Each structure stands twice: as structure tokens, then as C-alpha cells.
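**Student:** Contents are PDB, N, CA, C and O atoms; file name my_file14.pdb:
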ATOM      1  N   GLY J1171      56.039 235.774 104.074
ATOM      2  CA  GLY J1171      55.586 235.123 105.286
ATOM      3  C   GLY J1171      56.628 235.178 106.383
ATOM      4  O   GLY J1171      56.880 236.240 106.960
ATOM      5  N   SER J1172      57.244 234.037 106.677
ATOM      6  CA  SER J1172      58.274 233.925 107.703
ATOM      7  C   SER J1172      59.501 233.221 107.143
ATOM      8  O   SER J1172      60.048 232.293 107.742
ATOM      9  N   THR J1173      59.951 233.660 105.968
ATOM     10  CA  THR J1173      61.088 233.049 105.293
ATOM     11  C   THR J1173      62.298 233.972 105.229
ATOM     12  O   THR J1173      63.294 233.625 104.586
ATOM     13  N   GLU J1174      62.234 235.132 105.883
ATOM     14  CA  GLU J1174      63.325 236.107 105.904
ATOM     15  C   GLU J1174      63.681 236.557 104.483
ATOM     16  O   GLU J1174      64.811 236.414 104.013
ATOM     17  N   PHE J1175      62.675 237.091 103.793
ATOM     18  CA  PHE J1175      62.848 237.609 102.445
ATOM     19  C   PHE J1175      62.072 238.910 102.309
ATOM     20  O   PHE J1175      61.030 239.098 102.941
ATOM     21  N   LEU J1176      62.596 239.811 101.483
ATOM     22  CA  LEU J1176      61.908 241.060 101.185
ATOM     23  C   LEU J1176      61.086 240.898  99.914
ATOM     24  O   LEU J1176      61.650 240.546  98.870
ATOM     25  N   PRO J1177      59.775 241.142  99.947
ATOM     26  CA  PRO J1177      58.950 240.864  98.764
ATOM     27  C   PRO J1177      59.241 241.826  97.626
ATOM     28  O   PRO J1177      58.895 243.008  97.696
ATOM     29  N   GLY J1178      59.873 241.325  96.568
ATOM     30  CA  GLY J1178      60.193 242.147  95.419
ATOM     31  C   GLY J1178      61.623 241.967  94.957
ATOM     32  O   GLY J1178      62.029 242.529  93.937
ATOM     33  N   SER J1179      62.398 241.183  95.704
ATOM     34  CA  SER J1179      63.799 240.966  95.392
ATOM     35  C   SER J1179      63.955 239.836  94.375
ATOM     36  O   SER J1179      62.982 239.227  93.924
ATOM     37  N   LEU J1180      65.203 239.557  94.009
ATOM     38  CA  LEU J1180      65.546 238.534  93.026
ATOM     39  C   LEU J1180      66.518 237.551  93.666
ATOM     40  O   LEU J1180      67.655 237.917  93.983
ATOM     41  N   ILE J1181      66.076 236.308  93.856
ATOM     42  CA  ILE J1181      66.890 235.284  94.494
ATOM     43  C   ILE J1181      66.944 234.061  93.590
ATOM     44  O   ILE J1181      66.064 233.832  92.759
ATOM     45  N   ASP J1182      67.995 233.268  93.771
ATOM     46  CA  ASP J1182      68.203 232.085  92.949
ATOM     47  C   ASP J1182      67.155 231.021  93.250
ATOM     48  O   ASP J1182      66.600 230.955  94.350
ATOM     49  N   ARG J1183      66.879 230.184  92.247
ATOM     50  CA  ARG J1183      65.880 229.133  92.411
ATOM     51  C   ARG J1183      66.330 228.088  93.423
ATOM     52  O   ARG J1183      65.516 227.587  94.207
ATOM     53  N   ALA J1184      67.618 227.739  93.415
ATOM     54  CA  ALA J1184      68.115 226.724  94.338
ATOM     55  C   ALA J1184      67.949 227.173  95.784
ATOM     56  O   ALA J1184      67.419 226.432  96.621
ATOM     57  N   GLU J1185      68.399 228.390  96.096
ATOM     58  CA  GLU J1185      68.247 228.917  97.447
ATOM     59  C   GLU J1185      66.778 229.056  97.818
ATOM     60  O   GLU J1185      66.384 228.762  98.954
ATOM     61  N   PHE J1186      65.954 229.513  96.873
ATOM     62  CA  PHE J1186      64.529 229.680  97.135
ATOM     63  C   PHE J1186      63.886 228.358  97.531
ATOM     64  O   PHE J1186      63.182 228.275  98.544
ATOM     65  N   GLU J1187      64.125 227.304  96.746
ATOM     66  CA  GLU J1187      63.505 226.022  97.056
ATOM     67  C   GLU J1187      64.104 225.394  98.308
ATOM     68  O   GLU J1187      63.386 224.731  99.063
ATOM     69  N   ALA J1188      65.399 225.607  98.565
ATOM     70  CA  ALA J1188      65.987 225.097  99.799
ATOM     71  C   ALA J1188      65.349 225.746 101.020
ATOM     72  O   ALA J1188      65.003 225.060 101.989
ATOM     73  N   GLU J1189      65.168 227.069 100.984
ATOM     74  CA  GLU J1189      64.520 227.759 102.095
ATOM     75  C   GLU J1189      63.065 227.333 102.239
ATOM     76  O   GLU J1189      62.577 227.143 103.360
ATOM     77  N   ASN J1190      62.354 227.182 101.118
ATOM     78  CA  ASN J1190      60.960 226.762 101.185
ATOM     79  C   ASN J1190      60.817 225.352 101.740
ATOM     80  O   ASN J1190      59.836 225.057 102.431
ATOM     81  N   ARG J1191      61.779 224.470 101.462
ATOM     82  CA  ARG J1191      61.731 223.131 102.037
ATOM     83  C   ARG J1191      62.140 223.125 103.504
ATOM     84  O   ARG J1191      61.610 222.329 104.287
ATOM     85  N   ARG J1192      63.072 223.998 103.891
ATOM     86  CA  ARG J1192      63.491 224.066 105.287
ATOM     87  C   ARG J1192      62.380 224.618 106.174
ATOM     88  O   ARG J1192      62.149 224.107 107.276
ATOM     89  N   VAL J1193      61.686 225.661 105.715
ATOM     90  CA  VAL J1193      60.697 226.323 106.562
ATOM     91  C   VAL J1193      59.486 225.423 106.788
ATOM     92  O   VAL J1193      58.988 225.306 107.914
ATOM     93  N   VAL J1194      58.996 224.770 105.732
ATOM     94  CA  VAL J1194      57.805 223.936 105.874
ATOM     95  C   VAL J1194      58.090 222.719 106.744
ATOM     96  O   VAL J1194      57.179 222.177 107.382
ATOM     97  N   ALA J1195      59.344 222.267 106.787
ATOM     98  CA  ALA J1195      59.683 221.078 107.559
ATOM     99  C   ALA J1195      59.615 221.310 109.063
ATOM    100  O   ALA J1195      59.462 220.343 109.816
ATOM    101  N   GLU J1196      59.720 222.558 109.522
ATOM    102  CA  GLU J1196      59.707 222.854 110.949
ATOM    103  C   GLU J1196      58.472 223.640 111.372
ATOM    104  O   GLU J1196      57.707 223.176 112.221
ATOM    105  N   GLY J1197      58.252 224.820 110.799
ATOM    106  CA  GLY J1197      57.092 225.614 111.153
ATOM    107  C   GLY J1197      55.935 225.453 110.191
ATOM    108  O   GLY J1197      54.805 225.167 110.599
ATOM    109  N   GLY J1198      56.212 225.636 108.904
ATOM    110  CA  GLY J1198      55.227 225.417 107.867
ATOM    111  C   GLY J1198      54.725 226.710 107.262
ATOM    112  O   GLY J1198      53.811 227.344 107.799
ATOM    113  N   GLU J1199      55.317 227.105 106.137
ATOM    114  CA  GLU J1199      54.826 228.209 105.323
ATOM    115  C   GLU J1199      55.489 228.167 103.952
ATOM    116  O   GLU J1199      56.723 228.183 103.858
ATOM    117  N   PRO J1200      54.715 228.114 102.873
ATOM    118  CA  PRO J1200      55.315 228.218 101.538
ATOM    119  C   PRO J1200      55.394 229.658 101.061
ATOM    120  O   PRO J1200      54.391 230.379 101.078
ATOM    121  N   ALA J1201      56.577 230.090 100.638
ATOM    122  CA  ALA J1201      56.721 231.420 100.073
ATOM    123  C   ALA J1201      56.288 231.425  98.611
ATOM    124  O   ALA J1201      56.242 230.389  97.943
ATOM    125  N   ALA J1202      55.964 232.614  98.118
ATOM    126  CA  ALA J1202      55.489 232.791  96.756
ATOM    127  C   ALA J1202      56.619 233.297  95.870
ATOM    128  O   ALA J1202      57.523 234.002  96.326
ATOM    129  N   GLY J1203      56.562 232.926  94.595
ATOM    130  CA  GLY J1203      57.569 233.364  93.653
ATOM    131  C   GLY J1203      57.231 233.051  92.212
ATOM    132  O   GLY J1203      56.796 231.941  91.894
ATOM    133  N   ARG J1204      57.428 234.027  91.329
ATOM    134  CA  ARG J1204      57.192 233.844  89.910
ATOM    135  C   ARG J1204      58.493 234.001  89.136
ATOM    136  O   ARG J1204      59.364 234.781  89.532
ATOM    137  N   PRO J1205      58.656 233.272  88.034
ATOM    138  CA  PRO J1205      59.898 233.377  87.262
ATOM    139  C   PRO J1205      60.052 234.768  86.670
ATOM    140  O   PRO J1205      59.072 235.469  86.412
ATOM    141  N   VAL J1206      61.304 235.174  86.465
ATOM    142  CA  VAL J1206      61.602 236.500  85.947
ATOM    143  C   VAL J1206      62.649 236.378  84.849
ATOM    144  O   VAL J1206      63.360 235.377  84.740
ATOM    145  N   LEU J1207      62.729 237.419  84.025
ATOM    146  CA  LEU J1207      63.695 237.510  82.940
ATOM    147  C   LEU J1207      64.530 238.767  83.122
ATOM    148  O   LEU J1207      63.982 239.854  83.332
ATOM    149  N   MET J1208      65.848 238.620  83.041
ATOM    150  CA  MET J1208      66.772 239.724  83.240
ATOM    151  C   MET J1208      67.644 239.908  82.006
ATOM    152  O   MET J1208      67.670 239.073  81.100
ATOM    153  N   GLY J1209      68.372 241.020  81.986
ATOM    154  CA  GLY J1209      69.320 241.305  80.932
ATOM    155  C   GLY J1209      70.670 240.676  81.206
ATOM    156  O   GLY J1209      70.858 239.916  82.157
ATOM    157  N   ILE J1210      71.635 241.009  80.345
ATOM    158  CA  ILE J1210      72.995 240.513  80.529
ATOM    159  C   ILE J1210      73.851 241.441  81.378
ATOM    160  O   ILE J1210      74.953 241.046  81.786
ATOM    161  N   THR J1211      73.394 242.661  81.652
ATOM    162  CA  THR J1211      74.099 243.544  82.573
ATOM    163  C   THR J1211      73.549 243.489  83.990
ATOM    164  O   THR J1211      74.321 243.604  84.949
ATOM    165  N   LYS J1212      72.247 243.247  84.148
ATOM    166  CA  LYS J1212      71.679 243.122  85.483
ATOM    167  C   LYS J1212      71.944 241.752  86.082
ATOM    168  O   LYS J1212      71.964 241.612  87.308
ATOM    169  N   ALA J1213      72.141 240.736  85.245
ATOM    170  CA  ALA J1213      72.529 239.432  85.761
ATOM    171  C   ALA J1213      74.005 239.403  86.125
ATOM    172  O   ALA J1213      74.398 238.687  87.052
ATOM    173  N   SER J1214      74.832 240.168  85.409
ATOM    174  CA  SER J1214      76.256 240.222  85.707
ATOM    175  C   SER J1214      76.564 241.120  86.896
ATOM    176  O   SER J1214      77.508 240.845  87.642
ATOM    177  N   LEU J1215      75.794 242.191  87.089
ATOM    178  CA  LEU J1215      76.038 243.092  88.207
ATOM    179  C   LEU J1215      75.414 242.612  89.510
ATOM    180  O   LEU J1215      75.615 243.255  90.545
ATOM    181  N   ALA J1216      74.669 241.511  89.489
ATOM    182  CA  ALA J1216      73.988 240.981  90.664
ATOM    183  C   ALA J1216      74.521 239.603  91.033
ATOM    184  O   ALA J1216      73.777 238.730  91.482
ATOM    185  N   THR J1217      75.821 239.392  90.851
ATOM    186  CA  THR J1217      76.441 238.133  91.229
ATOM    187  C   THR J1217      76.775 238.134  92.719
ATOM    188  O   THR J1217      76.550 239.113  93.436
ATOM    189  N   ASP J1218      77.326 237.019  93.195
ATOM    190  CA  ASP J1218      77.619 236.824  94.614
ATOM    191  C   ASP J1218      79.099 237.005  94.926
ATOM    192  O   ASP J1218      79.658 236.292  95.763
ATOM    193  N   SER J1219      79.758 237.955  94.268
ATOM    194  CA  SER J1219      81.168 238.230  94.524
ATOM    195  C   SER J1219      81.449 239.673  94.147
ATOM    196  O   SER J1219      81.274 240.052  92.986
TER     197      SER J1219
END
What does this structure look like when you write it as C-alpha cells?

**Tutor:**
Amino acid sequence: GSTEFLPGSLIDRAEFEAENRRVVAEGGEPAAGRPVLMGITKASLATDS
């Protein structure tokens, strides 16, 4: 919608819910998201550092 996200990426639950609460509070749009399961190499190679 209007949440500045690319449909198909992998984002953390905390950031996802924070953005979903921020957007609805001003303009109003809930983004969609389903839980996913990853490996131990794709979770380690996709960190924030």
C-alpha cells in the first residue's frame, strides 16, 4: 500500500507492527504479512550489521 515496503521482502515483526501502527494513526492503511521460516545461514546473512 503506502508503507514504503517492497512486496516480497523479509522484515522483522517489531518494525512491521511499528510501521503498521504509525501509518494507520495518520493516513490509514494496514499492510499485509504472513509468517515465514528461514534457515540458519539466511537468518545469519540477513542481519543489520

**Student:** At what distance in Å, to one decimal, does CA of residue 1195 in chain J lie from atom O of residue 1179 in chain J?

**Tutor:**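 CA of residue 1195 in chain J lies 22.9 Å from atom O of residue 1179 in chain J.
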
**Student:** Centre and edge lengths of an axis-aligned box around all listed atoms of range 1179-1196 of chain J, with 6 Å added on each side, are to be given in Å to one decimal, as JSON.

**Tutor:**
{"center_x": 62.8, "center_y": 230.8, "center_z": 102.2, "size_x": 23.2, "size_y": 32.8, "size_z": 32.0}

**Student:** Which polymer residues have any atom within 8 Å of an atom of range 1201-1218 of chain J, counting all atoms listed in the file, with same-chain residues fewer than 6 positions away left out, as number ranges by chain?

**Tutor:** J: 1171-1173, 1177-1181, 1186, 1189-1191, 1194
